[PDB]
């Protein structure tokens, strides 16, 4: 198996059960609500709900945010299989995950993203899927930039022939000419500041509006 595409929950090694609490909250959300758009992924998804305004762009679209910080592809795959797509019939599912897949190759991460798209295509066949590219990270040039770029190439190639599957590069050019990423854009060179989120969210929002 590709570990990136074998669905598995996060194991609690801390003791407070937070990841399963989040999953259960989302399951309840889907049971009780009727979203047009559901967003799922890692902290870049989750903190959009706080740290960008979410309220002005995405709230109007009738959206649920199932981001969880730290998730890898296989965790998002498990969550979609285990309740978060039940009781709903979204028009669009937005996926943003793979930057946390440490120890997986770029090809394995791509297989995890492809597996997520396929599950959504099975469980929610009416939905369009939007996959976001993995953003650059690290203050300076480093292997995860190359990795992330290579996933993006491979995912873009995989989705090119997919009528209702859409790859979106949301990066406005966070890596400057000198190789650096500004902490004004990503405060810790991974996570977006409010300023970082603006261009990202703008780009997503445009696409969503087109599709919708």
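Residue numbers count along the first chain shown, from 1.
Averaged over CA atoms, B-factors in the entry run higher in 199-207 than in the other of 199-207 and 186-194.
Stretches 177-185 and 48-56 differ in mean C-alpha B factor, with the higher average recorded for 48-56. Across 41, 163, 70, 143, the entry's maximum B-factor at the CA atom is seen for 163.
When the CA B factors of the chain's modelled residues are split into thirds, the value for residue 2 lands in the highest one.
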